[PDB]
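Residue numbers (the entry's author numbering), protein chains in the order written: chain A, 417 to 553; chain C, 417 to 447, 453 to 553; chain H, 37 to 166; chain I, 1 to 48; chain J, 30 to 77; chain G, 26 to 243. See structure below.
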Amino acid sequence: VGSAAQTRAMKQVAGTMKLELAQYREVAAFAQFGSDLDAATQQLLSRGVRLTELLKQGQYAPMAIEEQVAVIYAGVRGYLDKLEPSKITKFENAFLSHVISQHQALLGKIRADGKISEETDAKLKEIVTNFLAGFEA
Amino acid sequence: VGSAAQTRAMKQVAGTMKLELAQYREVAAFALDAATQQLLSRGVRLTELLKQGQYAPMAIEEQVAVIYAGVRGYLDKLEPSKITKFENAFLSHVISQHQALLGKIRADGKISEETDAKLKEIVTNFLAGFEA
Amino acid sequence: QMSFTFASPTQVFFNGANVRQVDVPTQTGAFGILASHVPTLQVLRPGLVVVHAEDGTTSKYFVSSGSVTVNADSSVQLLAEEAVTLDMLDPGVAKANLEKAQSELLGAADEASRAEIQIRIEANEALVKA
Amino acid sequence: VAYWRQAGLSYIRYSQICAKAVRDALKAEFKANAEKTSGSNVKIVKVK
Amino acid sequence: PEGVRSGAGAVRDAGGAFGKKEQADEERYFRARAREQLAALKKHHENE
Amino acid sequence: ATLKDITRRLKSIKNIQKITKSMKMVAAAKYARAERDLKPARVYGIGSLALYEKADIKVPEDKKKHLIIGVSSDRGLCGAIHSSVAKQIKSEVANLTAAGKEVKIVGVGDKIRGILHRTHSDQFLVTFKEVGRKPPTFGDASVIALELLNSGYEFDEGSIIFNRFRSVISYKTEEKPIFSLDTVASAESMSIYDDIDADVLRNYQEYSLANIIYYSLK
């Protein structure tokens with residue numbers, strides 16, 4: 417059935433996530449000795465290993481759609497490149513709580529319209545940068 | 417059975433051969454001198470001792486003596502190719518000239534300090550004399 | 037009337053270039069090379085080497101140690117362990133290293149280690165001049 | 001014969017010392033040449 | 030999906046030449062280090 | 026001949042092939058950098074040996090024995106690289122012992138020590154280690170040359186054996202002579218040079234040894 421059963425908002429992020437995770441599979445064998453490689457391959461490895469950690473989840477705790485969109489948006493833009501892989505889950509856990517407590521009217525628009533408009537993209541860009549700067553590991 | 421039914425004399429020299437062969441198998445197959458060379462040098466000797474002919478079984482005490490010679494290291498200098506001749510000649514000599522010693526092991530059922538003292542002298546003297 | 041090759045274990049400055057003269061601060065005094073100089077074989081000492089081009093310009097380099105060879109023809113091979121230019125140097129750190137090396141002399145106990153210290157102070161004092 | 005000679009020092013040792021001294025004086029920006037030199041990568045195993 | 034798909038550790042499960050060749054090398058390499066560790070234990074305990 | 030045996034045997038080779046395939050690209054990436062740095066070192070290596078080339082020097086018939094140096098690495102899976110060097114090392118010693126000398130062999134690289142240990146254990150003078158993991162540098166040649174002179178052994182002749190890169194698919198084995206002995210250096214042809222001394226020649230031979238070693242490794 418494919419993309420005919422997705423909302424407009426999820427489609428935009430999942431389109432890029434699909435290709436970025438498809439490129440990583442054909443070079444995953446090189447991961448053991450990757451030091452003696454060019455920068456292009458190491459960039460694919462770096463982005464793929466970051467994207468893998470986001471898909472892990474707990475048990476008996478389903479999420480909501482706009483929170484999934486908000487989580488994946490930071491991942492696909494490269495805002496998590498400099499972090500070490502050991503700390504991705506803690507960052508996701510803290511970011512969800514921060515966005516839930518204060519920024520509720522923003523999530524209302526994503527839930528209502530089902531698509532990411534221009535101004536909402538502009539707002540999310542500032543939100544993620546502010547939180548990332550303030551995280552302090 | 418856990419060796420519940422086994423003579424006391426045989427256990428002393430077989431329990432130690434088990435470890436030698438178990439440690440020989442785990443390393444000496446690759447399709453340093455402190456540990457590895459000595460290990461397979463002993464193992465190749467120990468393997469050659471177990472070969473046997475046909476229609477000729479042995480009594481228990483003679484097996485005890487022949488294994489006692491190998492386990493203690495009295496044969497770590499000879500080339501492995503000539504071990505069988507040494508086994509045969511030493512068995513014939515021990516059977517003929519030392520018939521009183523075997524009866525002690527058969528009757529007692531276990532080795533003793535005096536027996537252990539005797540065997541070393543017999544083994545060293547015959548090894549010295551047997552170079553042909 | 038010259039084939040000059042100023043090579044290093046890493047890079048090459050000249051390869052068969054023709055220049056009028058080269059001045060080398062070797063051991064046992066200075067030197068001057070022009071036209072058909074007499075054959076010689078001498079090692080170098082820390083100093084500055086200048087090469088005069090045919091046009092007239094003078095290129096400068098700093099050499100730590102190596103060998104010099106002028107053969108029967110006008111072929112000269114100057115192979116040096118080090119070859120650097122002043123523009124990537126700091127005079128202040130040179131003066132600080134010299135200042136420490138000064139007290140290192142009295143700090144020394146044995147004559148061999150003090151000989152090494154003397155080589156240190158010799159190199160430091162040689163380089164701070166320019 | 002100089003002071004370094006007849007003092008337990010060889011010409012190679014003197015060259016090493018002078019090269020190290022020259023490399024020290026370089027600017028911190030250009031100090032990546034220590035990576036290129038990296039003269040210590042060979043170990044010595046004697047007969048006994 | 031229809032074909033034969035391999036996994037992790039399949040080389041040592043077949044028990045061919047390569048499995049035993051792999052096993053003996055690890056056995057030797059880790060038989061070598063225990064002597065140094067024991068010698069350093071004895072020296073440390075004797076020193077203090 | 027059952028189904029399980031076939032399945033296991035197939036699943037082992039499926040992994041072996043991928044391991045080899047992934048190991049090929051790393052060697053290509055290393056070969057690119059190894060080729061890049063050869064050109065600057067070739068001119069230095071050739072320039073070191075010009076003097077001996079111009080003025081021919083021939084060693085006499087003495088009995089101070091040789092100093093044979095063979096260069097290799099510590100890693101296998103490289104075809105017949107080490108065997109070719111170890112073939113000529115044992116060939117030269119027979120001719121050397123025909124005349125009769127106290128020749129000694131020094132090898133840099135663990136495989137060279139391992140191959141020839143059985144038949145030439147006594148002739149070994151000193152051996153080195155930790156070669157090939159990272160690209161060689163001049164400091165390693167300095168260390169080897171420094172450790173070579175401190176040995177009490179003295180020689181009148183010597184040679185070094187190495188493999189010379191010719192093409193991406195071929196190579197040639199060769200050796201070069203050493204005339205580092207001061208006495209043989211002082212000959213008739215050297216009279217043209219007229220500012221020499223014993224100290225100067227001693228230092229000059231000292232430097233030429235390290236130059237040849239560095240060129241051979243690179």
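Quick reminder that beta carbons are idealized off the backbone N, C-alpha and C, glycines included.
Own chain partners of residue i with C-beta closer than 8 Å, once the 5 adjacent residues on each side are dropped
{"i": "C/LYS539", "result": "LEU522"}
{"i": "H/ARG156", "result": "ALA137 and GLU140"}
{"i": "C/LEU499", "result": "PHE507"}
{"i": "G/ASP99", "result": "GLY134, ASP135, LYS136, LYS154, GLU155, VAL156, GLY157 and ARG158"}
{"i": "J/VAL40", "result": "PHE47, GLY48 and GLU51"}
{"i": "A/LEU453", "result": "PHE446"}
Rounded Cβ spacing between residue i and residue j (contact assumed at less than 8 Å)
{"i": "A/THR432", "j": "A/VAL492", "result": "5 Å"}
{"i": "I/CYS18", "j": "H/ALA159", "result": "5 Å"}
{"i": "H/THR105", "j": "G/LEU76", "result": "6 Å"}
{"i": "G/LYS159", "j": "I/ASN41", "result": "6 Å"}
{"i": "H/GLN57", "j": "H/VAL79", "result": "In fact, because the Cβ distance is near 20 Å, the residues do not count as touching under 8 Å."}
{"i": "H/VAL86", "j": "H/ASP59", "result": "5 Å"}
{"i": "G/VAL151", "j": "G/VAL131", "result": "6 Å"}
{"i": "H/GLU135", "j": "I/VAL22", "result": "With a Cβ gap of about 18 Å, H/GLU135 and I/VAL22 do not count as contacting."}
{"i": "G/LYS43", "j": "G/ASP181", "result": "Rounded, the Cβ-Cβ distance is 55 Å, inconsistent with contact."}
{"i": "H/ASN54", "j": "H/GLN37", "result": "7 Å"}
Within-8 Å CB hit, residue i to chain I
{"i": "G/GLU179", "result": "no"}
{"i": "H/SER44", "result": "no"}
{"i": "H/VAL60", "result": "no"}
CB contact below 8 Å: residue i versus chain J
{"i": "C/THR545", "result": "no"}
{"i": "G/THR27", "result": "no"}
{"i": "G/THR32", "result": "yes"}
Partner residues on chain D for residue i, Cβ-Cβ distance less than 7 Å
{"i": "G/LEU35", "result": "The displayed structure is made up of protein chains A, C, H, I, J and G, and chain D is not among them."}
Residue-level contact to chain H via CB, residue i, 8 Å cutoff
{"i": "G/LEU76", "result": "yes"}
{"i": "I/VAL22", "result": "yes"}
{"i": "G/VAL225", "result": "yes"}
{"i": "G/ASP207", "result": "no"}
{"i": "G/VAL118", "result": "no"}
CB contact below 8 Å: residue i versus chain G
{"i": "H/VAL48", "result": "yes"}
{"i": "A/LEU548", "result": "no"}
{"i": "I/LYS31", "result": "no"}
{"i": "H/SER103", "result": "yes"}
{"i": "H/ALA108", "result": "yes"}
{"i": "I/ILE17", "result": "no"}
{"i": "I/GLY39", "result": "yes"}
{"i": "J/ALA39", "result": "yes"}
{"i": "J/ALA68", "result": "no"}
Other residues of its chain near residue i: CB distance less than 6 Å, five sequence neighbours each side excluded
{"i": "G/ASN188", "result": "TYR196 and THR198"}
{"i": "G/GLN230", "result": "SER205"}
{"i": "H/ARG150", "result": "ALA144"}
{"i": "H/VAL112", "result": "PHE40 and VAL106"}
{"i": "C/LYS531", "result": "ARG424 and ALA425"}
{"i": "C/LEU461", "result": "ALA444"}
{"i": "H/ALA43", "result": "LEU115"}
Interface flag, residue i vs chain C, CB-CB below 8 Å
{"i": "J/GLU51", "result": "no"}
{"i": "J/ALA46", "result": "yes"}
{"i": "J/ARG62", "result": "no"}
{"i": "J/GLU56", "result": "yes"}
8 Å Cβ cutoff, residue i in contact with chain A
{"i": "G/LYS115", "result": "no"}
{"i": "G/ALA54", "result": "yes"}
Own chain residues within Cβ distance below 7 Å of residue i, not counting five before or after
{"i": "C/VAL465", "result": "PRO501"}
{"i": "G/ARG191", "result": "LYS197"}
Length at least 3, wholly inside the segment 89-161 of chain G: the beta strand (DSSP E) runs in chain order: 92-96, 129-133 and 149-154
Could you name the residues of the segment 144-175 of chain G whose beta carbon sits closer than 7 Å to any beta carbon of chain H, in the order they occur along the chain? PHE163
Going along the segment 63-87 of chain H in order, which residues come within less than 9 Å of chain G, judged by CB to CB distance? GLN63, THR64, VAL74, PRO75, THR76, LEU77, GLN78 and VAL79
Scan the segment 77-154 of chain H and note each continuous beta strand (DSSP E) run of 3 residues or more that stays entirely inside, going in chain order. 83-88, 94-99, 102-106 and 111-116
Can you list, in chain order, the residues of the segment 125-157 of chain H whose Cβ is nearer than 9 Å to any Cβ on chain G? none
Anything in the segment 429-458 of chain A with a Cβ closer than 8 Å to a Cβ of chain G? List those residues in chain order, please. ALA445, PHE446, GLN448, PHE449, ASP452, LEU453 and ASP454
My parser needs the beta strand (DSSP E) runs of 3 or more residues fully inside the segment 42-80 of chain H; what are they? 57-59 and 76-79
Just to confirm the assignment: which complete alpha helix (DSSP H) runs, minimum length 4, are found wholly within the segment 477-516 of chain C? 481-492, all fully within the segment 477-516 of chain C.
Would you list, in chain order, the members of the segment 73-106 of chain G that have their beta-carbon closer than 8 Å to a beta-carbon of chain J? Against chain J - using a Cβ distance shorter than 8 Å - the segment 73-106 of chain G contributes no residues.
Going residue by residue through the segment 188-214 of chain G, where are the continuous alpha helix (DSSP H) segments of at least 4 residues, counting only ones entirely within it? Note on the segment 188-214 of chain G: whole alpha helix (DSSP H) runs with a minimum of 4 residues are 207-210, in chain order.
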